[PDB]
Amino acid sequence: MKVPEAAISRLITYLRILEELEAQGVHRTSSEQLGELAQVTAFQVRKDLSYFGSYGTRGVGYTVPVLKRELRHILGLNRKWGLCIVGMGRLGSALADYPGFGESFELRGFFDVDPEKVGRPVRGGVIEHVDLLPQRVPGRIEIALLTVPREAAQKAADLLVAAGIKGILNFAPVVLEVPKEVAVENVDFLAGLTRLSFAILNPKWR
Amino acid sequence: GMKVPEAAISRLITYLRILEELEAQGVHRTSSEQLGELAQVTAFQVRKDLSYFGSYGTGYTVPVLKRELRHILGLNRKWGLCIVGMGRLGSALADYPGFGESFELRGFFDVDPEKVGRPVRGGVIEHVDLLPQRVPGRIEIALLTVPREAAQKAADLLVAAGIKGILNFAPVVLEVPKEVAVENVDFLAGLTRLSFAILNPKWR
DNA sequence: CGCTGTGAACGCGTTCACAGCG
DNA sequence: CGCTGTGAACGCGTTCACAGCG
Ligand SMILES: NC(=O)c1ccc[n+]([C@@H]2O[C@H](COP(=O)([O-])OP(=O)(O)OC[C@H]3O[C@@H](n4cnc5c(N)ncnc54)[C@H](O)[C@@H]3O)[C@@H](O)[C@H]2O)c1
């Protein structure tokens, strides 16, 4: 009834497997196959899905197109979120060019404070100054991709919170302080690297 | 209890960053209470995570904890890294000036005939076919930044070449031998999690 | 007194056995 | 019968209780 956040991550993985199975022409799957491809047990797959509903067919398995649609629904992918990039350095510029956001995420703003950058035309847009967030965010942008230097993150975050942002995808190696009403999700490649260090040094534990 | 939760390692990483900051600020003494607040966990959490490895307290001396942590995390050595897939993300990573002294880029690989032989910061792009002749004793960690459809195969080549750890930036679940460590940095997953979080605020 | 270190209790996510239905 | 759906046990990871000690 109450969903652990570890399950949401696994649902994201199941949906990717379903998109792949569909691409391969597979119309039907099972908790066992789904588990095998996601490297989790069939038990876990069925438990994860049960948190939201009964999308399978007893004694048969799951119809790929159906589970796919249901998972996209649960995940909020059945809509078009408005996004923006704050910090047009190398990562931000790379993201503006990323051809993989799909139909669920649409870039609508690119902000920064550098005179050189501000004003530069980019894929589907043109860089603007951050103070224009209050006059660009409301009703148009729900999620912000935060790609500024570590020391500028928390600052940029406050400007986003005050601008009425709904969520922050944080790429900066720092814990952000935001009001509980604002969602934050971190993408930390340095932490990932350090975890590999620990893992490699502790094979037994791994 | 000596079965260190993987979730503790992530927090240790955060404690270290907090200590770096504190040291930068000129702070010398800290406590599990101040550390906790800064990491947004309880004082109980901090002390418990540290206890897994030892008794470094007295509170804590910023410089002493910082040293003990980067040691526990293996940051007291120079890891050899390589980038496989020199596209937009790969190139950005090659020029990132924030790896630190603990991580050294020693290889850049690709299959694009037009990128191989291409000079880059601290080296030149080589064909992935050269991995078996480049990884052993020089490169332990590979940053995997090739397209989704190419990731599993590239990981197979890195494994065969002797890689010890793979930092996977592709949205796929990699299959690798038990002895090869894998860590995912998945921004599309983070995006989708935010989507879910925004639609389920009560769920928090 | 104030703060650490750590067994033990506890709540929650995973595992499991089977109930439910096709 | 076969595979999904699920209530409950299990056990891992966080919280708690107190012991040590300057
Ligand atoms: N572009 C971005 O902003 C961005 C941001 C985050 C995550 N990513 C992820 O990064 C990965 C790469 O995306 P990109 O936009 O940089 O792609 P890209 O196509 O720019 O570059 C991928 C590079 O990999 C090379 N490649 C393909 N197969 C290879 C193989 N077997 N061995 C070695 N090199 C190979 C390609 O030739 C290309 O140079 C994807 O998984 C994507 O999801 C991209």
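What you see below is based on every heavy atom in this structure, not just the backbone, and it leaves out hydrogens, waters and symmetry mates. Labels below follow one simple rule: chain letters A, B, ... track the order of the sequence lines, proteins then strands, and each chain is numbered from 1.
Mapping B:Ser32 and A:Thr57 onto DNA chain C by nearest heavy atom places B:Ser32 at the nucleotide closer to the 5' end. Two residues, A:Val60 and A:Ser50, neighbour DNA chain D, and the one matched to the more 5' nucleotide by heavy-atom proximity is A:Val60. Along DNA chain D, the nucleotide nearest B:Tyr52 and the nucleotide nearest A:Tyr62 are compared for position; the residue whose nucleotide lies closer to the 5' end is A:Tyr62.
Comment: A:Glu20 engages B:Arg148 in a salt bridge, judged by a side-chain N to carboxylate O separation of less than 4.0 angstrom.
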Secondary structure string for DNA chain D (Watson-Crick or G-U under 3.5 angstrom, | for other-strand pairs): ||||||||||||||||||||||
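Here the side chain of A:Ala6 is nearest to one of C:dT4, D:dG13, C:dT14, namely C:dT14. In this structure, of C:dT4, C:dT14, C:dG20, it is C:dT4 that holds the atom nearest to the side chain of B:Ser31. Each of D:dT4, C:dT14, C:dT6 was ranked by its minimum atom distance to the side chain of A:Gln44; first place goes to C:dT14. Picking from C:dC21, C:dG13, D:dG13 the nucleotide with the shortest atom distance to the side chain of B:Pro5 gives D:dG13. Distances were taken from every side-chain heavy atom of B:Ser55 (C-beta onward) to each of D:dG5, C:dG5, C:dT15; the shortest belongs to C:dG5. Among the nucleotides D:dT4, D:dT6, C:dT6, the one closest to the side chain of B:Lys48 is C:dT6.
Between B:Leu65 atom CG and C:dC3 atom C1' there is a gap of 14 Å when expressed in whole angstrom units. As a whole-Å value, the separation of A:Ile8 CD1 from C:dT14 P is 11 Å. Rounded to whole Å, the distance from CE on A:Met1 to P on C:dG13 is 13 Å. Taking atom CE of B:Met2 as the reference point, atom P of D:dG13 lies 15 Å away to the nearest angstrom. In this structure, B:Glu6 places its CD atom 13 Å from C1' of C:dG13, rounding to the nearest Å. Distance, A:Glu32 CD to D:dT4 P: 9 Å, rounded to whole Å. Summarising the geometry, the separation between NZ on A:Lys2 and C1' on D:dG7 is reported as 15 Å, rounded to the nearest angstrom. Here C:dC10 presents its P atom at 14 Å from CZ of B:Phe44, a figure rounded to the nearest Å.
Side-chain atoms of B:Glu126 never come within 3.5 Å of backbone atoms of B:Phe109 as a donor-acceptor pair (strictly under, hydrogens ignored).
Between A:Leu21 and A:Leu34, the shortest heavy-atom distance links the atoms CD1-CD2, 4.5 Å. The shortest non-hydrogen separation linking B:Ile72 to A:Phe198 is O-CD1, 3.3 Å. The shortest heavy-atom contact between A:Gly167 and B:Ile198 is N-CD1, 4.0 Å. Across A:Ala163 and A:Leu133, no two heavy atoms sit closer than the pair CB-CB, 3.9 Å.
For B:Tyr56, no side-chain nitrogen or oxygen approaches OP1 or OP2 of C:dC3 to under 4.0 Å.
Groove engagement by A:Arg46: a side-chain heavy atom is found under 5.0 Å from a major-groove base atom, with no such approach on the minor-groove side.
Contacts of A:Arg10 with the nucleic acid, taken as non-hydrogen atoms under 4.0 Å apart, involve only primed sugar atoms and P, OP1 or OP2.
The aromatic rings of B:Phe187 and A:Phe171 sit tilted, their planes meeting at an angle between 30° and 60°.
Remark: of the listed residues B:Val111, B:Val84, B:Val128, B:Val84 is the sole one forming a side chain to side chain contact (heavy atoms under 4.5 Å, CB included) with B:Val146.
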